[PDB]
Amino acid sequence: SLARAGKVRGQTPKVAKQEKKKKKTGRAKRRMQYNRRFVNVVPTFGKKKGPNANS
Amino acid sequence: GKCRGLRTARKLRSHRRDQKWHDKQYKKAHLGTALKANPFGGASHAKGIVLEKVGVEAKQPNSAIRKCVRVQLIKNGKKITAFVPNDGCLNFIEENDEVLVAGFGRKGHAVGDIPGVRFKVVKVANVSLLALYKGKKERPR
Amino acid sequence: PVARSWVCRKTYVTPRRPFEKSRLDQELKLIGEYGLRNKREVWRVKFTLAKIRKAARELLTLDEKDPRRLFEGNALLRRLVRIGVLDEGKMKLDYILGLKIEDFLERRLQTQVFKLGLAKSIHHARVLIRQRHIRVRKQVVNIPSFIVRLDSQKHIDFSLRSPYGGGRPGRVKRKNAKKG
Amino acid sequence: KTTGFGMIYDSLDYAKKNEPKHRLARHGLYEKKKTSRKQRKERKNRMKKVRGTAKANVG
RNA sequence: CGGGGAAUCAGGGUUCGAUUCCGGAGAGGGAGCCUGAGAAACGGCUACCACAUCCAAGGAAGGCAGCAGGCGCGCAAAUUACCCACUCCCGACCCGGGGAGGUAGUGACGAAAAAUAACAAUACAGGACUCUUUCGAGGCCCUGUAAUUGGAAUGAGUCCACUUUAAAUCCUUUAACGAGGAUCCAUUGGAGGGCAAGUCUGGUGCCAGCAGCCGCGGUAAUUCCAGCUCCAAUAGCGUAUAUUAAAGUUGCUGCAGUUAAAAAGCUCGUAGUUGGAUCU
């Protein structure tokens, strides 16, 4: 009774990953992280927004 | 209270070791009865033969059937139950298969919903379950 | 038995807490200020400074006229003056505990190439050092973590074999000039 | 710079008597045997198995 | 096996030390010898015990816990390579010999250094200095989006040669070739809390599964399976296990014993521990 195996993984529709531009690595990536968090800062009255904040 | 004399060294160290034997982790490590009841026999991993596939029922608040396997270890002949983690990964296992098993993370203690499982399957037929699940490699038989 | 030496150290320590926002921000600020590859360079400089301060704090426990304290203290003070972190006026064992990580990061070859106008950016300075365009006195130095001594700072040059130095323009200019 | 070591002898006879054979062979003044180690080890054991003037026959 | 020592550690401590240096022990297990200055020696002998090789069936020959290598065992560990050039050792010896040792091969045990791109011009965008009541006007820097352009510098590799070396290889030195993003494309884990980073979208519907712990999933799932995005470390990152600190949860420093685990029913009493002033 019951005991399916791989039910949901075999159910879910296969969506292909989109082809995107590659990420910078090493010192360049740390430079981009620094310039995004500490250089071009936008002032905020309460600062309630995260980096992955959507809606 | 405690003895605090300048000649009380052997009293202090003798009482220390006698009350050290009352520590649970110390008695697990040093008495040597838990090490012989341990199926792995002081090993990080063991390698065994799949005897059968088991649906283990999850404990009271959670309702699920966890896919486990009864394995007999090669080096001592003891029988254990090992959990097959990801979904559909029991289908990569057949009966009488060569399987590498590790502990599950709590040092011989059962973990989470699964009642009485201390072990998980790491490798099946000398290829990892991770590479089979992510589809990097193929399995022989 | 083999004729081999097995002496080796680790030049950094991993911090105690994995995810603390203040430490992450401070280390990323250091990386951005000095153009460093990862957190491990920050941790390496921090470990060097911690070793120096532990040595000084071990020295300060002895009597002021102790011979070991005097000898090791003047040795440590001269070593910290020669790299340009301490000054001659403040050459005392108590001032060593007032040292910063940013004091040691100014002494790297990357920072000194950027400050002397040889490069126009700190990242450009790291590139130029790695590209074998920078020499110190006469040796070509390829390491950006090269700590510049105080007597060695006054002559950092462009390594005459480089295109920015004496001559012999590189691969791209030779290919582009050989078009017509 | 390139840094090396150099020696000037008084005559060629002293040079032949005092240089290692391999630095003489770089100038063509020495010839090494072409036999490897394993060949003469096995030959030594094979002639260890035999006795007398018959030792020189095996090889 | 013991030390020298190692990991961790405020201070005190805990744990490890088969392992290259010093000492001991033993060559399948025991036992007895010969030679010799030195051995109860095993790349010496003689037995018995257990294994096991060639047989013409009478006999004969064994000992890798040396170097490679093989089987077996297992979670678990490398080439049946080259040299006596270096270091030393032995001999009748400046000459011979050394799987000692050296050199290469395998090697993400572990440690050190360190790429994966930088810059310039433009189009937006900020933050400043001057002039303006303000709006604004500029020549001052900075930032990425660049479905925008531009040549310059390169190491990876390809590969003459020299150098290295016993002979090589590698490193270093160098001719020649070698860079525009569909590349010479960086991974491993995670995104409810602890603990840094989504109440995004689709699918599933107490199923499949996730989840160290608390918990999530029974039709709006921030936790499953995916896509996008984001976070951490980064040539590395997971997981299992032993151990150390967290543990003032073994407490000498430094814990507790009314009600939370805990003071013997009571007294005597030997060893043990501790023991009042006082002498210049």
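Just so it is clear, chain C uses Swiss-Prot numbers, and the residues here are 2-181, in order.
In case you wondered, yes, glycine gets a Cβ from its N, Cα and C as well.
As recorded in Swiss-Prot:
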CROSSLNK  C:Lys93  SUMO2 cross-link
CROSSLNK  C:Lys139  SUMO2 cross-link
MOD_RES   C:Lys66  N6-acetyllysine
MOD_RES   C:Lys116  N6-acetyllysine
MOD_RES   C:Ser153  phosphoserine
MOD_RES   C:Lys155  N6-acetyllysine
MOD_RES   C:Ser163  phosphoserine
Candidate recorded positions C:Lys66, C:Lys139, C:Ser163, pick with smallest Cα gap to C:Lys155 (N6-acetyllysine): C:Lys139
Integer Å distance between the CA atoms belonging to C:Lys93 (SUMO2 cross-link) and C:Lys66 (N6-acetyllysine): 14
Listed modified residues (C:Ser153, C:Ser163), ranked by Cβ neighbours within 10 Å, top entry: C:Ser163
Spatial neighbours of C:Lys93 (SUMO2 cross-link) that are distant in sequence (at least 6 apart) but have CB under 8 A: C:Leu78
C:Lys139 (SUMO2 cross-link) and C:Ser153 (phosphoserine), Cα-Cα, nearest whole angstrom: 11
Length of the line joining the Cα atoms of C:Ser163 (phosphoserine) and C:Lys139 (SUMO2 cross-link), in Å: 13
For C:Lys66 (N6-acetyllysine), the number of other Cβ atoms found within 10 Å of its own Cβ: 7
Neighbour tally for C:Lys116 (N6-acetyllysine), based on other Cβ positions within 10 Å of its Cβ: 14
Residue pair C:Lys116 (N6-acetyllysine), C:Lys139 (SUMO2 cross-link) - Cα distance, angstrom, rounded: 20
Three-state secondary structure, which DSSP defines for C:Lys116 (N6-acetyllysine): helix
Cβ atoms near C:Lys155 (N6-acetyllysine) (within 10 Å, other residues, all chains): 9
Local backbone state of C:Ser163 (phosphoserine), from DSSP in three classes: coil
